[PDB]
Amino acid sequence: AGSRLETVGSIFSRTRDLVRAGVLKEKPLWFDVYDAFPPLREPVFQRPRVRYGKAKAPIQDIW
Amino acid sequence: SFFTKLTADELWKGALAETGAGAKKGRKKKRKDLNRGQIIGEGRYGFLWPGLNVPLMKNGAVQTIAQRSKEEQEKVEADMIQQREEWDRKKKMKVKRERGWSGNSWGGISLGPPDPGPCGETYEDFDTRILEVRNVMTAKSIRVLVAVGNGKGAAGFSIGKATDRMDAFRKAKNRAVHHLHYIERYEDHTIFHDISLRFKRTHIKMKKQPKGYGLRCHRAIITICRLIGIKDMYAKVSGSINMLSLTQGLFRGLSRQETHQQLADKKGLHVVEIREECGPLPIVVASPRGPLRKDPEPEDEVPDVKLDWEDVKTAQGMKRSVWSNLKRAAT
Amino acid sequence: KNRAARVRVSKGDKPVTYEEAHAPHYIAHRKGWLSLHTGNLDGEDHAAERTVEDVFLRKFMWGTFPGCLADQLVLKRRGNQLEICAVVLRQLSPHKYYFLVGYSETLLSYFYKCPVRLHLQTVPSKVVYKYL
Amino acid sequence: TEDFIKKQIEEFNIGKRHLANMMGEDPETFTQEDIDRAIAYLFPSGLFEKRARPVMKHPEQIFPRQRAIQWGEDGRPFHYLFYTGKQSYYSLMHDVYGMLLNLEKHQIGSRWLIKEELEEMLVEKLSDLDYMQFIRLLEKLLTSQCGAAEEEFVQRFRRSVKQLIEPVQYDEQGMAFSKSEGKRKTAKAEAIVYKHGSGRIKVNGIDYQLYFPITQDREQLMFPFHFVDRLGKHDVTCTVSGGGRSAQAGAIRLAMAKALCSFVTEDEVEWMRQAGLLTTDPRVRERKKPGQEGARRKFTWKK
RNA sequence: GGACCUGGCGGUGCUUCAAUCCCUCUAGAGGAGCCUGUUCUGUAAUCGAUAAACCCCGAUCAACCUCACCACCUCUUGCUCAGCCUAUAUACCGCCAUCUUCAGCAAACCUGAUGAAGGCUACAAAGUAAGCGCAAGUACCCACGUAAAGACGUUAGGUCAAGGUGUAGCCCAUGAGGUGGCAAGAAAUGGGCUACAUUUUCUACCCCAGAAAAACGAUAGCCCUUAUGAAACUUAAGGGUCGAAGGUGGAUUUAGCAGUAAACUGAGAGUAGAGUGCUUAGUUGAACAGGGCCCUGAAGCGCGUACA
Ligand SMILES: [Mg+2]
């Protein structure tokens, strides 16, 4: 029953929202572990964009 | 001749002639089960065979062979005719459709709850509303757009394709139930803030509204809002009104909207609400989970928000659309 | 295209039984005979009368048990006896079943001048062998 | 499920005991073959297909393994490669890869089993490319100096690809001879060839030249003995029946060749078999088909 | 009006192809006679079948019957709780044909920023697919071949005269019964049989011979008799008679890849009888099998048309 919209929010966000809605009968196995130890960045989908203007890659060379 | 008679199933097959060269490309009759009301052991002679069409015993006594009187058999025949005609009349009579957006349109018609899921999953709480039906070269099929919603924020939409309309509906709803969003709702009756979005070439401008304001939106938006669980909102659709684009953009905006709690946490401040009905009383709707900022936050003297010309015109009263605010049925 | 004794494919919602699902060419390979007598054997006689009896009995039973027979009727002719085996639904009352059984037994026996027995096997529903 | 299979096992054991009691056979020593015989007798069925007939076997043989669910009660699949979808196939591939690694570190008789054979072995549904991959890996395993410990495993996938010498009987007078038989078209022939003889060949009690007034049939009779260069060294009595003249000649020739096998060396027998003397002819008349004049002669195509 | 997606079409060429498109091997049809079906004429006087996919077809078969036709006569609740072989196969069931000498048809599921739409890469990149069909399995003598099978659709294909049936109409007649009858040939054509011969004719025999040889060649015609049957010019069979056309055949063209073609001989279905028709058994039993694509059709490479 989990929402299959991977481009909307994260797995945690969608599962939490559905549980709050009550559509999800019970929290999946990993939800508690994710909540306790979330990753440094929420796994939200994001389409890569190609730099066009004067913006440059901030990766500095090593010397 | 007895040996020439055929079974009722074959007779009805031949009579209906569903399969045929004409029926191949569309270049009516009803299968009336003549054995429905018949009772075994009943004949025009009205013979009461013990143990078959009458009770075997009587007051503890075995019944014997008897024949109904002429008048009794006539009454039985009349009653059978009455039952047959009542059944035929009840079959003929029809219950009017739960009309949709229009008499001859599929828009808005409710398809009922989605089919139950295999692994003990049920969806009786989800209402399903059609939004669009189209025809679509075959050596023609039907495409459908439907939406489903639990009425408590969890709503989704899907497309279906099938040679048969009913199959298309089934596919569309069974697929929608797997594509649910969760539209956060303010006080469980309206969106959190005004939303202005453009999807493809369809502009959607949705405005929060106080309770009782009702849904003043494009009828498709009304259907979607009812499914989601939004009771009060205003919505203006501009540009191309392609139904699929409208639905997709509406869901995109509603899902992307931002909650008061999220805003409070982001900006590290109390979110305070002011109501005309409550005068100067400040209502702390949401507060940040983290420490609250001691910084009074910038007092932006003049905002840079991109105002809507139509909104400004309406506010200033220059708007005089005869169609705006026309009284309409409860939505 | 062969239209003979075959169930045409459909959307998959058409349940069908063993006999209806097997076509004639498979006869004597996957499905046996619904009537077992010695008339057609080599050097025997009365094939026509056996056929007439089979047709009459089948029509008789079909008309006697409307919407009750869940499978075709198997006829066996041992010696001079006759055995009609049927698969019937558990929809008609047992008393009616027994009365019809006895009546048909006696009437057919008197009609054809030979003992007859009817053997009913009851099922909750017609045995689906596949869906077409 | 496993509990269902266990219940079927118990039921089959009880039915086996019932059958043993019914046939009076000791249930303890009652075997599967005995069960087979008894069931065949007790349920006489005349179906041509061995599958369409009744059966009462062990549930193991009866039921299809149906891949055994693959996940226990907990729901954890048993096979580590389960999620591939071809767990047994990929397990075999992994094993062959490991054997190839081990062999790499250390350093007209048969063929490969067909793809259907391999599919049955793995109780799995493969593809042509899967079979090609497996067979090529196996071939590499051959070429990699596969020792006994590896050749034993390989032979699990290999498939392997002589005329019977009849006994030399003796007459009442003690003269040795060999009897044989052969059939051609509709003819049958029984030939007795004597170890020693002056080339006399009596057919149906008749001299061969008289009985076969055609030099072609005479040549057919002479062919085997000429081939083995034993003309005039054997006396032959041939009883033939049925069919036309050429069929009779062929049947007698086959019978004589088979009978002479017993008297000619094994290399001679092999040479005859290679030539075709000792190979029964499968060419038989093909039945006329309805709607066409001959076995292949389609009626004159109307227009 | 703009930008896109799909289906259709060529009188579209290159490359692959096919008892298999043309040649290649064999045997034949068309040329003569006869059997037989069909069309036109005729008839007071038969329905359907109708390019492949009609044309010894429904018919495993017509002297009456069959029979549904014509002529005449007769009957009226009629064998049938009547009937109708009268229309409607362009309503159907039932049974089939054609591709099919195919292999695809497919429900139900799962990318295009959820548009029409799409779903391929094996050193694999979003497809899985139940089921149906081929296949597999089965009969015959193998594991071969032939049978059998052969899905979805194609031609409003046929069949209302197997029977059932929607629909249409008749009921003193479009229903029912009895007696008699054509079933023919200007002319064409389909299929089959018999020949034109010397590898033949003929006997014996069933393959070691003697005659015939311009005679070969009608199962046709005529007469007679026999079998069937109530009835024989009607059918079949036997004898005599007659010895005709013809001398390997035009447009052209059919079939076959091996126990096959070809030739020959038996048996069975059906009837009282009735085929050169059909079905089936067996015997002797080969030749080519390699080239190409103008012609047919099937593909890929693709090209260019264009409307839905
Ligand atoms: Mg209306």
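Cβ atoms come from the backbone with ideal geometry, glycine included; neighbour counts cover every protein chain shown. Every read-out reported here was derived from the displayed coordinates using simple, explicitly stated rules and does not represent laboratory data.
Observations on the model:
- Those residues of the range B:16-59 which are over 16 Å from C:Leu100 (Cβ atoms) and away from RNA strand E (no atom under 14 Å from the Cβ), in sequence order: B:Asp33, B:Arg36, B:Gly37, B:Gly46, B:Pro55, B:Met57, B:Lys58, B:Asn59
- Note on the range C:79-109: residues that are over 16 Å from C:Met61 (Cβ atoms) and more than 14 Å from every other protein chain (Cβ to nearest Cβ) total 4.
- Against the conditions (1) over 48 Å from the mean Cα position of the chain (by Cα); (2) part of a loop (DSSP other than H, G, I, E, B); (3) within 11 Å of another protein chain (Cβ to nearest Cβ), B:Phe3 satisfies every one except (2).
- Scan the range C:73-86 for residues that are surrounded by 18 or more Cβ atoms within 10 Å (Cβ to Cβ) and within 23 Å of B:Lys5 (Cα to Cα) and the total you get is 4.
- Candidates B:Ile109, B:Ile130, filtered to the one that is away from every other protein chain (no Cβ under 14 Å), buried (at least 21 other Cβ atoms within 10 Å of the Cβ) and not basic (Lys, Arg): B:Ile130
- Test for B:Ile221: is it within 15 Å of B:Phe251 (Cα to Cα), among the β-branched types (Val, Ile, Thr) and away from every other protein chain (no Cβ under 14 Å): yes
- Filtered residues of the range B:97-121 (kept if within 16 Å of RNA strand E (Cβ to nearest atom) and part of a loop (DSSP other than H, G, I, E, B)): B:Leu111, B:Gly112, B:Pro113, B:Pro114, B:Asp115, B:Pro116, B:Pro118, B:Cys119
- Residue identified as within 12 Å of RNA strand E (Cβ to nearest atom), buried (at least 17 other Cβ atoms within 10 Å of the Cβ) and hydrophobic (A, V, I, L, M, F, W, C) among D:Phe212, D:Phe225: D:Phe212
- Within the range D:60-80, being more than 30 Å from C:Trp33 (Cα to Cα), of a type outside the set (D, E, K, R) and not in a helix (DSSP H, G or I) holds for D:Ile69, D:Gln70, D:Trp71, D:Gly72, D:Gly75, D:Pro77, D:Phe78, D:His79, D:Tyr80.
- Flag if C:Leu73 is in contact with a strand residue (DSSP E or B) (Cβ under 9 Å, 6 or more places away or on another chain), within 14 Å of another protein chain (Cβ to nearest Cβ) and not in a loop (DSSP other than H, G, I, E, B): yes
- Residue match in the range A:41-63 (condition: away from chain B (no Cβ under 13 Å), touching a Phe, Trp or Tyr at 6+ places or on another chain (Cβ under 6 Å) and on the phi < 0 side of the Ramachandran plot): no
- Test: residue in the range A:35-54 that is surrounded by 16 or more Cβ atoms within 10 Å (Cβ to Cβ) and either touching a helix residue (DSSP H, G or I) at 6+ places or on another chain (Cβ under 8 Å) or outside any helix (DSSP H, G or I) (or both): no
- Filter result for the condition that a residue is surrounded by 10 or more Cβ atoms within 10 Å (Cβ to Cβ) and assigned to a loop (DSSP other than H, G, I, E, B), over D:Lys16, D:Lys6, D:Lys57, D:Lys50: D:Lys57
- Scanning the range B:248-286 for residues that are away from chain A (no Cβ under 14 Å) and closer than 24 Å to B:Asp311 by Cα turns up B:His260, B:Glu273, B:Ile274, B:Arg275, B:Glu276, B:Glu277.
- Check on B:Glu299, among the charged types (D, E, K, R) and assigned to a strand (DSSP E or B): no
- Among (1) more than 15 Å from the chain's Cα centre (by Cα); (2) buried (at least 16 other Cβ atoms within 10 Å of the Cβ), the one test that B:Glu121 misses: (2)
- Scanning the range B:9-53 for residues that are under 30 Å from C:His95 (Cβ atoms), within 11 Å of chain C (Cβ to nearest Cβ) and of a type outside the set (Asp, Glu) gives B:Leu34, B:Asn35, B:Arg36, B:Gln38, B:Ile39, B:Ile40, B:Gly41, B:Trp49, B:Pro50, B:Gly51, B:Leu52, B:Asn53.
- Residue within the range B:79-96 that is within 14 Å of chain C (Cβ to nearest Cβ) and either more than 15 Å from RNA strand E (Cβ to nearest atom) or part of a helix (DSSP H, G or I) (or both) present: no
- Verdict on D:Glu104 being within 14 Å of chain C (Cβ to nearest Cβ) and either in contact with a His (Cβ under 7 Å, 6 or more places away or on another chain) or not aliphatic (A, V, I, L, M) (or both): no
- Of all residues in the range B:134-189 being within 15 Å of the chain's Cα centre (by Cα) and part of a loop (DSSP other than H, G, I, E, B), the one that is nearest to RNA strand E (Cβ to nearest atom): B:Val177
- Pair list, Cβ under 9 Å, 6 or more apart: the range B:26-55 residue closer than 25 Å to B:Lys70 by Cα, other residue charged (D, E, K, R) and assigned to a loop (DSSP other than H, G, I, E, B): B:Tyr45/B:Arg68; B:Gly46/B:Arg68; B:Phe47/B:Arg68; B:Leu48/B:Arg68; B:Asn53/B:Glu42
- Which listed residue is surrounded by 13 or more Cβ atoms within 10 Å (Cβ to Cβ) and of a type in the set (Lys, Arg), from D:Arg230, D:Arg285: D:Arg230
- D:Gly75 meets the conditions (1) surrounded by fewer than 11 Cβ atoms within 10 Å (Cβ to Cβ); (2) in contact with a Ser or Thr (Cβ under 9 Å, 6 or more places away or on another chain) in every case but one. The failed one is (2).
- Output for the range A:1-23, where each listed residue is part of a loop (DSSP other than H, G, I, E, B), within 11 Å of the chain's Cα centre (by Cα) and more than 7 Å from chain B (Cβ to nearest Cβ): A:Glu6, A:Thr7, A:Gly9, A:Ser10
- B:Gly100 within 30 Å of B:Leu145 (Cα to Cα), within 16 Å of the ligand (Cβ to nearest atom) and away from chain A (no Cβ under 14 Å): yes
- Residues that are within 14 Å of chain C (Cβ to nearest Cβ) and either within 16 Å of RNA strand E (Cβ to nearest atom) or out of contact with any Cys (no Cβ under 7 Å at 6 or more places or on another chain) (or both) do occur in the range B:65-76.
- Members of the range D:98-122 that are of a type in the set (A, V, I, L, M) and either touching a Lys or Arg at 6+ places or on another chain (Cβ under 6 Å) or more than 22 Å from D:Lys86 (Cα to Cα) (or both): D:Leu101, D:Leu103, D:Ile108, D:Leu113
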